[PDB]
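Written below as structure tokens is the structure these notes are about.
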Amino acid sequence: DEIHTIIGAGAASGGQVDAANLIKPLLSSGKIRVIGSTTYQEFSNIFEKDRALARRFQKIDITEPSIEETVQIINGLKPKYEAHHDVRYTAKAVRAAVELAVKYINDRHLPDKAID
Amino acid sequence: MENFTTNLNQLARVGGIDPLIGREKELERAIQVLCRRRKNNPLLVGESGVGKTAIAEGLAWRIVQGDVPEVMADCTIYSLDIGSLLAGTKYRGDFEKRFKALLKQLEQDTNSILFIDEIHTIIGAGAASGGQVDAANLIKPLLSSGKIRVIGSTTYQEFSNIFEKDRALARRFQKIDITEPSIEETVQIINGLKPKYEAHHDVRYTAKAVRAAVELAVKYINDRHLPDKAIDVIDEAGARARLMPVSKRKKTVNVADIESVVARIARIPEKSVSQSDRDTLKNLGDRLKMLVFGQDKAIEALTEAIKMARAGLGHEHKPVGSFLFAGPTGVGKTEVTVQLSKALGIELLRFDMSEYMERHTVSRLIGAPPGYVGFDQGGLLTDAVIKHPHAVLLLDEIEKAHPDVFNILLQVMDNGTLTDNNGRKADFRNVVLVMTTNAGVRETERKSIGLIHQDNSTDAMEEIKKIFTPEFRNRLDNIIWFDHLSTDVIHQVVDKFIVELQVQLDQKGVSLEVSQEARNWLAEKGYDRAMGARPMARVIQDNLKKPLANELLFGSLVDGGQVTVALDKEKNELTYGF
Ligand SMILES: Nc1ncnc2c1ncn2[C@H]1O[C@@H](COP(=O)(O)OP(=O)(O)OP(O)(O)=S)[C@H](O)[C@H]1O
Ligand SMILES: Nc1ncnc2c1ncn2[C@@H]1O[C@@H](COP(=O)(O)OP(=O)(O)O)[C@H](O)[C@H]1O
């Protein structure tokens, strides 16, 4: 996870600064399949940085869910939120969290803000 | 945890924590955050001297007092003594077992909240021993699981450097913006703390002294936020009260003692903190008119604008004033600026804008972007102003500057401040901005065609309107147009130049007496409406300095002497023997 964060020094300075160097040849041989995790701007600077990894990983474009999908993820977890807060949300309230957040949250994507 | 954390609720119960003054919404937001199932670790982010830590203590107070909802009431907040834990250094050893014991006690007690002051020690770091790095890794899952809650405290600059750099925390912590309190709240804070200062210094303060410390510090001390600057004024007044009057021992501090410390703390004159320099301002019109001749409307326009600003009519966030000077060459448009700064007793900060024609000016005036050599500078402009908050700032020949300088100028004209590339800011509210330009010097030599000449001059100001766009022009207090010098002015100009010649001659033991006729003669020889006063200097040098130089070096004035000049009927300079 967050593969773009181990590009510096492994978990932290003093650890495997060469973790990437150990991974490059196993990926090349296919010994361990590796699933990466980067962000849109991190990919272009993390994988493109070194061909030994850029030429090993395939890019999958992940985008946000729609208004009704945001409602579905809230509804998926709704029972937990209700249990967690000892509350009940109306169908309208869930839709409003999504429908209104897109007019006010502005900068962060909807899937989390409607949940927040 | 018994020797690593401090029970803040216990401090509130024993009296270690005082009741918080104001900040009701800050405490409510911290509890709103703590009750969330996601992102439930509040972080108090601000500036030094605003109560960030006072608020965290303040929450423990309310938790104990019973001023919070039953969900939070009787929960326990403990601070983390980072120094005590790091002290385990030899090493861990006990560092790790005790940190883990702390986490186990906190994980088991889900009613426990830690308060971590100076959070940047751990977050974005942990480097103090390195032990705080895996300690953070052992905290993160418990924040996530809802077992341990953490209230942090840092500054805006650290926040960006420590929390915005780690996604795990971005998803766990909630920033709360902490600003300074009001004037009244500051007074209440001082009076709450006050006995601790009075007891220390063996002084007592009047109610007025406390109010004055808060208000005068705002007016003149621009380095900090209210709680601490006002407290520092109180403490400084206390410190001088117990120090200065050794033979008198006055025990009560009044507003007068507050004014003396504010003047010193603020780096302003002891008079100016209260009493203005009314006479300095009254005399500007005449002192400047006696140095630069013929520009009477210009001197008055400048003088009046300064007085209005000094009278308090304008905006407190803006510079003292901002004026563009323009006109023909040789007319004193720079000379008057130099004399202004002298007349006011203010140091002149001068930049020649011809030195900033490239795109590499920002890197010098503001400072290089981080990573570049020179990022270490606050910017030549920024640094000059911070060192000299009271200043006359001259940007010579602004039309030669690379256009990016205008963005710098537009910001300052609107907000009175310029930040650096590192976090410091210049305060321009006490400086006078003068920019000069020669756009308006463009002119011709050609006359009309005919037997009778007529004036074919163009309309001045068009040369400015076509260079300086409205965004700039609309933010100036004024544009001062300077005129051409008249022949009466030339006679006055000759006299000041003759005086300068005499000063140089005094250094050699030589007395020069030029007749009035000789002066009228020189005034005529050097008059040129299109070149201002610069030709007068040439005329004097050519007619008087020249023969003096020969005598000073090779002849009769070697040992000093007498020189006079008479005018011939033949229009010759009948210089004197010696
Ligand atoms: N009106 C005046 N009265 C007395 N002295 C003057 C006057 N104007 C200029 N001076 C003197 O001041 C110097 C010339 O000053 P300025 O005209 O201010 O130079 P400047 O500001 O750079 O403008 P230009 O357009 O580049 S020449 C010389 O020493 C003198 O000409
Ligand atoms: N309205 C207020 N009432 C009382 N104290 C305040 C108020 N506002 C700010 N403060 C100050 O807030 C706190 C700032 O310093 P503090 O929180 O103790 O530690 P730190 O220097 O790490 O921020 C002080 O306790 C207190 O002087």
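Scheme for the structure tokens: letters A, B, ... for chains in order shown; per-chain residue numbers from 1; ligand numbers from 1 in order shown.
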
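The part of chain A that reaches within 9 Å of chain B is made up of residues 2, 5, 12, 81, 84, 85 and 116 of chain A, counting only C-alpha atoms.
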
Writing out the chosen residues with N, CA, C and O atoms as an mmCIF file, in the first residue's frame:
```cif
data_model
loop_
_atom_site.group_PDB
_atom_site.id
_atom_site.type_symbol
_atom_site.label_atom_id
_atom_site.label_comp_id
_atom_site.auth_asym_id
_atom_site.auth_seq_id
_atom_site.Cartn_x
_atom_site.Cartn_y
_atom_site.Cartn_z
ATOM 1 N N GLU A 2 0.421 2.293 -0.473
ATOM 2 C CA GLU A 2 1.225 3.494 -0.448
ATOM 3 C C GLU A 2 2.651 3.189 -0.924
ATOM 4 O O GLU A 2 3.625 3.541 -0.256
ATOM 5 N N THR A 5 5.361 5.673 -0.975
ATOM 6 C CA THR A 5 5.968 6.198 0.238
ATOM 7 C C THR A 5 7.211 5.419 0.668
ATOM 8 O O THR A 5 7.880 5.822 1.619
ATOM 9 N N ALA A 12 11.313 3.793 6.931
ATOM 10 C CA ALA A 12 11.905 4.993 7.479
ATOM 11 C C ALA A 12 13.401 4.949 7.269
ATOM 12 O O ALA A 12 13.980 3.864 7.146
ATOM 13 N N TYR A 81 -22.862 2.604 10.814
ATOM 14 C CA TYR A 81 -22.865 3.978 11.290
ATOM 15 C C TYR A 81 -23.979 4.146 12.281
ATOM 16 O O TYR A 81 -23.852 4.876 13.270
ATOM 17 N N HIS A 84 -22.839 2.396 15.399
ATOM 18 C CA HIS A 84 -21.726 3.126 15.958
ATOM 19 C C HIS A 84 -22.131 4.384 16.660
ATOM 20 O O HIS A 84 -21.480 4.785 17.634
ATOM 21 N N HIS A 85 -23.164 5.047 16.145
ATOM 22 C CA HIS A 85 -23.597 6.276 16.756
ATOM 23 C C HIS A 85 -24.944 6.214 17.479
ATOM 24 O O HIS A 85 -25.348 7.178 18.129
ATOM 25 N N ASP A 116 -18.063 11.531 5.781
ATOM 26 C CA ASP A 116 -17.712 12.347 6.930
ATOM 27 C C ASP A 116 -18.937 13.086 7.428
ATOM 28 O O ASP A 116 -19.062 13.297 8.630
#
```

Could you name the residues that touch segment 64-78 of chain A at 8 Å or less, counting only C-alpha atoms, but leaving out those on the same chain fewer than 3 positions away, as an NGL selection string?
:A and (81-82 or 89 or 94-95 or 98-99 or 109-111 or 114-115)

Write a file of the selected residues as a compact mmCIF listing (two decimals), in the first residue's frame, keeping C-alpha atoms.
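Dumped everything to again.txt:
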```txt
# COMPACT_ATOMS: atom_id res chain seq x y z
CA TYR A 81 -22.86 3.98 11.29
CA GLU A 82 -26.20 3.58 12.93
CA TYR A 89 -30.47 7.94 9.06
CA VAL A 94 -28.22 9.75 3.17
CA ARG A 95 -29.00 11.13 -0.23
CA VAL A 98 -24.14 13.03 -1.01
CA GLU A 99 -26.27 15.46 -3.04
CA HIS A 109 -13.86 13.80 -3.45
CA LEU A 110 -17.39 13.02 -2.51
CA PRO A 111 -17.06 9.36 -1.40
CA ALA A 114 -20.43 12.42 2.18
CA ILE A 115 -19.38 9.77 4.69
```

Per residue of chain B within 7 Å of ligand 1, which atom pair is closest and at what distance in Å (one decimal), using only C-alpha atoms and all ligand atoms, listed by chain and increasing number, as CSV?
```
residue,atom,partner,partner_atom_place_in_ligand_line,distance
B:291,CA,ligand 1,4 (C),5.8
B:292,CA,ligand 1,3 (N),3.6
B:293,CA,ligand 1,3 (N),3.7
B:294,CA,ligand 1,1 (N),5.3
B:295,CA,ligand 1,1 (N),6.2
B:328,CA,ligand 1,25 (O),5.8
B:329,CA,ligand 1,25 (O),3.3
B:330,CA,ligand 1,17 (O),3.5
B:331,CA,ligand 1,8 (N),3.7
B:332,CA,ligand 1,18 (O),3.1
B:333,CA,ligand 1,18 (O),4.0
B:334,CA,ligand 1,21 (O),3.4
B:335,CA,ligand 1,18 (O),4.1
B:336,CA,ligand 1,18 (O),6.7
B:438,CA,ligand 1,25 (O),5.5
B:441,CA,ligand 1,25 (O),6.8
B:485,CA,ligand 1,1 (N),6.4
B:493,CA,ligand 1,4 (C),5.4
B:532,CA,ligand 1,8 (N),6.6
B:533,CA,ligand 1,31 (O),4.2
B:534,CA,ligand 1,31 (O),4.6
```

Taking only segment 313-342 of chain B into account, list the residues labelled helix (DSSP H, G or I) by DSSP (computed from the backbone), as a short mmCIF file (atom, residue, chain, number, x, y, z; two decimals) with N, CA, C and O atoms, in the first residue's frame.
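states.cif, written as the output of this step:
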```
data_model
loop_
_atom_site.label_atom_id
_atom_site.label_comp_id
_atom_site.auth_asym_id
_atom_site.auth_seq_id
_atom_site.Cartn_x
_atom_site.Cartn_y
_atom_site.Cartn_z
N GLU B 335 15.80 64.09 -5.68
CA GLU B 335 16.38 64.87 -4.62
C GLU B 335 15.38 65.11 -3.52
O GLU B 335 15.70 64.99 -2.34
N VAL B 336 14.12 65.34 -3.87
CA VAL B 336 13.15 65.58 -2.84
C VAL B 336 12.91 64.33 -2.01
O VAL B 336 12.58 64.45 -0.84
N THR B 337 13.00 63.14 -2.59
CA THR B 337 12.77 61.94 -1.81
C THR B 337 13.86 61.77 -0.79
O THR B 337 13.61 61.41 0.36
N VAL B 338 15.07 62.05 -1.21
CA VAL B 338 16.17 61.92 -0.29
C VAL B 338 16.00 62.91 0.84
O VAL B 338 16.21 62.57 2.01
N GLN B 339 15.60 64.13 0.51
CA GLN B 339 15.43 65.10 1.56
C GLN B 339 14.24 64.78 2.44
O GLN B 339 14.26 65.13 3.61
N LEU B 340 13.22 64.11 1.92
CA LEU B 340 12.10 63.74 2.75
C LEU B 340 12.55 62.85 3.87
O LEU B 340 12.17 63.05 5.02
N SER B 341 13.34 61.83 3.53
CA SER B 341 13.73 60.90 4.57
C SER B 341 14.58 61.61 5.59
O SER B 341 14.47 61.37 6.79
N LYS B 342 15.37 62.59 5.15
CA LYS B 342 16.16 63.29 6.15
C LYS B 342 15.28 64.18 7.01
O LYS B 342 15.41 64.17 8.23
#
```

Return as a PyMOL selection string every polymer residue, whether protein, DNA or RNA, with at least one atom no more than 9 Å from an atom of ligand 2; count only C-alpha atoms and all ligand atoms.
chain B and resi 17-23+46-58+117-118+153-154+179-182+184-190+192-193+226-228+231

May I have the residues within 12 Å of segment 345-355 of chain B as number ranges by chain, using only C-alpha atoms and disregarding those fewer than 4 positions away in the same chain?
B: 269, 277, 280-281, 284, 334, 337-341, 359-362, 364-365, 380-403, 405-406, 430-437

Residues within 10 Å of residue 286 of chain B, only C-alpha atoms, excluding chain neighbours under 4 positions, as a VMD selection string
chain B and resid 282 290 to 291 296 299 to 300

Keeping C-alpha atoms for every residue in the selection just given, could you write it to a file as a JSON list (two decimals), in the first residue's frame?
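Saved as result20.json:
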```json
[["chain", "number", "residue", "atom", "x", "y", "z"],
["B", 282, "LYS", "CA", 4.47, 70.99, 10.61],
["B", 290, "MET", "CA", 14.24, 75.42, 1.20],
["B", 291, "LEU", "CA", 16.17, 72.54, -0.43],
["B", 296, "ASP", "CA", 5.98, 73.89, -4.57],
["B", 299, "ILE", "CA", 6.14, 69.33, -2.02],
["B", 300, "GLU", "CA", 2.79, 70.34, -0.68]]
```

Excluding segment 13-30 of chain A and its own-chain neighbours fewer than 2 positions away, which residues fall within 10 Å of it when counting only C-alpha atoms? Please give them as an NGL selection string.
(:A and (3 or 6-11 or 32-34 or 50-57)) or (:B and (130))

So what do you get for atom CA of residue 571 of chain B versus atom CA of residue 530 of chain B, distance-wise?
24.5 Å
